[PDB]
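For reference, chains read A, B, C, D, E, F and G in written order, and residue numbers begin at 1 within each chain.
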Amino acid sequence: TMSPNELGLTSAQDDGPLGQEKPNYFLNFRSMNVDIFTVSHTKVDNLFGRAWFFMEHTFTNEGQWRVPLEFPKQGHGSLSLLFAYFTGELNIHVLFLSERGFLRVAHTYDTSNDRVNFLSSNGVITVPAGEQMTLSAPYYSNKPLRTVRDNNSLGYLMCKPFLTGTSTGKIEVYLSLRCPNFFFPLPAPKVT
Amino acid sequence: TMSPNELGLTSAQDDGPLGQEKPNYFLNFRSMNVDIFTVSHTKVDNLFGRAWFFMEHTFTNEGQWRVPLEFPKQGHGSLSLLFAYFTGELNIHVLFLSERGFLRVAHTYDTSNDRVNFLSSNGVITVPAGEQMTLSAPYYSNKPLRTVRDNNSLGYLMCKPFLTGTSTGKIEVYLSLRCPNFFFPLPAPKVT
Amino acid sequence: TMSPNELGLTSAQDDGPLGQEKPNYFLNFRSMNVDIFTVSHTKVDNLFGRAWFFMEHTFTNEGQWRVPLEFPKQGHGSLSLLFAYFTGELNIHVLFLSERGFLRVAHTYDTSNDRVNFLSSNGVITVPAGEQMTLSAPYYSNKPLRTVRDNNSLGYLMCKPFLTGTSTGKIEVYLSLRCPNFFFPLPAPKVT
Amino acid sequence: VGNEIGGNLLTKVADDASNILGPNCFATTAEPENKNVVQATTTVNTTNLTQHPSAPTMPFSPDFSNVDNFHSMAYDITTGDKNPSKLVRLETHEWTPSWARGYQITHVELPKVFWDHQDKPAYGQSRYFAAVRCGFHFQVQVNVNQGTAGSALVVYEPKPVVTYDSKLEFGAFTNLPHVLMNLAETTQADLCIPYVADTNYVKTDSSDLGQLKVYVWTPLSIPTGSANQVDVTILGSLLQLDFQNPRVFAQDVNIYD
Amino acid sequence: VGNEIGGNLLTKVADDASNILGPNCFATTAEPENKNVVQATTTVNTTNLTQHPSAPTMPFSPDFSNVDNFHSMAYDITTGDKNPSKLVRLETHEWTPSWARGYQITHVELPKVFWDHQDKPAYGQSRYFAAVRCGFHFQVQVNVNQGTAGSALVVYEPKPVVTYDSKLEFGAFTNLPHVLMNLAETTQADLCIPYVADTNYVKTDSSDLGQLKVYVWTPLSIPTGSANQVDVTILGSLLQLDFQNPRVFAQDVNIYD
Amino acid sequence: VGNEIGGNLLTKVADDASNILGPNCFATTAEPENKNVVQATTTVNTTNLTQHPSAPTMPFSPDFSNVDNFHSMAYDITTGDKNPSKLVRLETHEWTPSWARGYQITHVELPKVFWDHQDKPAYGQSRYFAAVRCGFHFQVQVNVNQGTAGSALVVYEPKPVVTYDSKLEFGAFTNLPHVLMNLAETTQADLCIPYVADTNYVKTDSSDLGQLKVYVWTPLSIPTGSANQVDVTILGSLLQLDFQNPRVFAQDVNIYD
Amino acid sequence: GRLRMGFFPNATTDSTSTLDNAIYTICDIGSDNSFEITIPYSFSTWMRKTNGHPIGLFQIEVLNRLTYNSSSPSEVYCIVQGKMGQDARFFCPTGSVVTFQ
């Protein structure tokens, strides 16, 4: 039968270990699970499998653009802030807004600035002007885990455009991840 | 073996439900049952099976006599005051003290005075002058239970005497019950 | 496994009955028994089986010497003071220091002085001058147990010497017991 | 060991020295009647937590069946329960002969009409709940002598219809659960309407379930001598009722977003 | 779960991360020695209730038989117990030769005579109890030289007889447990008297059990030279004794109504 | 009975009067999460006693193996443990050619030399223990060009020898674990020395284990051109180490009487 | 409150010192307020003088101030007892160093 513990009478100091799926009942109540869709939208793989805006850059010349990639404190991706460590594939969505040219894109977790001077070794997929690509950067991280908060939690992204004439433009960036491994959930974030 | 509970150590707040025949012992003591008679004098059927005086009425004429019948706060019948509800046969003992005549006797639980005007329908057993009868009135009660205390807990008794000449007298009454059904014992009564 | 009781957490008021060989442990500790000799030196029979000085008497004549024999509050025999009652064989070691003569020795628990006047009945082993004997006096005690403390806990010893000429000397005494029966250990003694 | 162990030692030691008469002492140890426990009791949507409970009491050889074996009340035991689903008079109106085709005779706010007055069997419970999910069984009654003739349109209009009523073409309302009932032929119409809404539950004391209406299919053709006061009555029964959300007494609660 | 569960988790977690050396921690949880229990002890007509008991103590490898295996006291172990039932001298009197037939020689209040003085074996216990139920065994002794003759009537008289003694005909007293004992023939008389009364128990220190008497059947015929001082002695033993009602020391208590 | 019995009566009584709908009440009684228990935890030479414990906690689906499966540190897991037994340079000295036979080249206090400086692998632990029992493995190294010649006596001298050194005849020291090592032939000597003392354990930071020495068997015969700076080095390893007695940091403790 | 009692075997310097490295036992006041601490045999020799070198330094430091209330004492009494372990042994009987009474 039902114990008084499952009826509401408990002790907060007896909750450890963390993660106790204890059932709560009353005479007219029972945990009822109802699913409205064929799958879950709470699973890390599904939720995060959907991109979210990151930032935009306007380029008037080929100069290279390197930006630290970090988890959002803004979109649905904020749900990541509930975790401390991450590891796994990283989907980067880049849009090249230009009239005539090409955009070199590359990703590295390496903090050294110089390693990115010769962009070709790193990757540098090519998005023709007016096209958008989605490259999935692997976990080539020199650190087993990525503190999820760091201003560079995610590796740096490189964008250099091979323009042809006076043409200029702007590069919008969106980020998403493939199968994410989060660990050791930390306390919920505050609001600004 | 014997527990400390049965040795005197108990708690008054743990007596419910009502009616706990718990045994009490000590090294030189044990509940010993000794019977002095072939039967019990504590059983409701036996005790109450014995009548007790009720009241007396002196009649100088045939006028009818109706009196509420109630449980005694005076004789051994007082043991009934320990209960709240009653139901069952009612033995009425009437003595007709007269020189020459007849006594009509009847019993009804009906509160209406008029129903008793025509006494014959009700009963009206006939006790010749100088004779005493014991009529057992059934539970013709419009109420399933008779609060034992009511000034009319027991149904009303009717006595009309068919005298013949100037003869007069007095009618003594005694009451007893046949197999009594008592329920929900209440607290003991006070003394006057 | 190990209970918290055996880890040091206990209650002094729950020690009775007397004599609880409870084991005490810790992660790196276990009761280890190591024996350095083929036998015990703690056993009552062994320890007390070894004599200890008692007293000395100097005699210039045959006059008899009677001395109460008691347990020592001085040598290793003091370990007896930890007990209350004794019973068993008593080993008496006597040294006769004399030039020419004999020493009559006898032992009795009898308090009466007169019984010892005729020494022969009691015993009176003979130690020639310059010799030492060890007589084992039986428990001819009129009391089942000997309070271990009494100034006469042990029976009285008698020494009468049959000297021959002007010769004189001194009689040193040592005591030990054969198989001792001690009972009801009492609190440890104080120091002077 | 200890302090639990004592009944046995005393009981035993007493036992060991016992002679012909027997032991001169008996000792028994156990737990107190008032132990360190916690009791929890739950009634309808309630939970009572007590950490200092006591032995529950009750009368002598009690009977909790609570059923009167004599049936001094000869009614189904579940009478009070089903009472609110009982059939009731929701409306009455007198059709006027002059009225044109398509005119609205009478209408009833659904479902709040079943709690129309404090004299409605369902009014009681309806007060203590904000959410409702129920089915209906209407019986629109219209009586007219044989000499007279005419026809009325009894139709159920969900909130969607009621909302955009003027945008709908009359004569097509036959697409909704209705009963073109030809007077002088039928005196009553029957309509079984299940829970119909765009939300799982409807706010109690609301018209969200839509409303039943009665229109003039063809005006009343009342002869000279014939009577001219025809009354239209709407009766309603709850095929199935369900009150869920608890709330203060008759307080407007928003189940919607 | 919790707070009971901890010895296992710590003991286990310690267990899981253990390497070659072994675990670096062990944790064990259990109940305290001082638990929440209640102890009850009962001795003769007494009951001690303690709700804060402690582990009972006792000497090393103790012997509670309490029996001296050497019998330094060579007496039956139940000597002290039976002592009060012991035979005792209840009375002594010197019959006077002049006395007429039917004269009362001597009498003894029964049963309070067995507690006649504080020097009576039964006097001790008799003090601590108000109720008594016992049987008697009398031995009236009367010695007389052969030359002399005579006869005495040793008879037991219950309270009923003692009460109405003058109303009874002497010479018929032979109907009561008696012993017409002819002197010069018998020197002692034996009488076994069971508990006789109209009440189950008799008040201690009362004469309700009746009294034993000695009458003159036929006066003493003492010749000239023969001695003239004959003594009559009454001895009593309790075939069976029973003290029930407890009471203060020698305080008059009424067992009767 | 009681106060434990209540969940059943209420649960039952509720049960008995139940109708079609079911019971209208459920009651359950049990023990609180915070029970009267005692927890004990023991770590290395420590014991924590708590009489008011609480349910131990831990992260989600935790792994206490504590072993890095990637081996970011490619070392034996027991590296840190064995570290103090590691081979180390105990001494170095330059033999002077002029030195006579039997001269003492160099010596090392045993066993306190393994904690010679705070830069010794064993210095760390050696501080937290007063007692020691260990075995040694020495490797005295002496290198000399082929042109030169000579011989040194590497011998272990227990405290007994070190104490009475002058009373012993040199040339007989070959009775002790030694290595007459002829230069120009051998460049290193090996000596395995077990725990040798007249006491089960030796005080830490003491020379009681004796000391290893190096003498001049036959002086160095260094030719004209040949080098003249020969260095003698003493290396030491602990075949087996054992620190037992706990003590404050590097505080002189007397294990001896 | 709590109280930590440690013991440095064979110690001689009678001075307060951190017991983190000593054999200690933390005592949390409750129902069973008697706390034990075992010292395993620790000496260079197999047997040790009965009346020789100290057994060690015994220190009982405060871990958590003894708390109380309006009707409870602000300070309590303590008693320290000592006994031999189940592996205890004595060996040679020697002369006496004191005289009992």
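We adopt the following convention: contacts are C-beta pairs under 8 Å (C-beta built on N, C-alpha and C of every residue); 3 or more make two chains touch, one makes a residue touch a chain.
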| item | value |
| --- | --- |
| Listed chain pair B-E, B-F or C-E that repeats interface C-F [over half of contact pairs the same by residue number] | B-E |
| Chain nearest the overall Cα centroid | G |
| Most remote chain, CA-based centroid, reference being subunit A | E |
| More contacts between chains, C-E or B-F | C-E |
| Mean-CA-position distance for subunit B and subunit A (Å) | 91 |
| Euclidean distance of C-alpha centroids - subunit A vs subunit D, Å | 51 |
| Intercentroid distance (Cα basis), subunit F paired with subunit E, Å | 82 |
| Distance between the centres, which are taken as Cα means, of subunit G and subunit C, whole angstrom | 34 |
| Numbers and ranges of subunit E residues touching at least 2 other chains | 1-3, 9, 24-26, 28-30, 32-36, 38-40, 42-44, 51, 54-56, 58 |
| Junction residues of subunit B, two or more chains touched | 3-4, 7, 11, 13-17, 27 |
| Per-residue multi-chain contacts in subunit G, two or more chains | 25, 30-32, 35, 37, 46 |
| All touching chain pairs, where touch follows the definition stated at the start | A-D, A-E, A-F, B-D, B-E, B-F, C-D, C-E, C-F, C-G, D-E, D-F, E-F, E-G, F-G |
| For the subunit B and subunit E complex, residues of the former touching the latter | 3-4, 7-9, 25-29 |
| For the subunit F and subunit G complex, residues of the former touching the latter | 36, 38, 45-52, 128, 130-131, 199-203, 244-249, 251, 253-257 |
| Residue ranges of subunit G in contact with subunit C within the complex | 25, 31-38, 40-41, 46-47, 85-87, 89-96, 98-101 |
| Contacting residues of subunit E [partner subunit A, same complex] | 1-3, 9 |
| Subunit G residues touching subunit E - in the complex, by the definition given at the top | 30-32 |
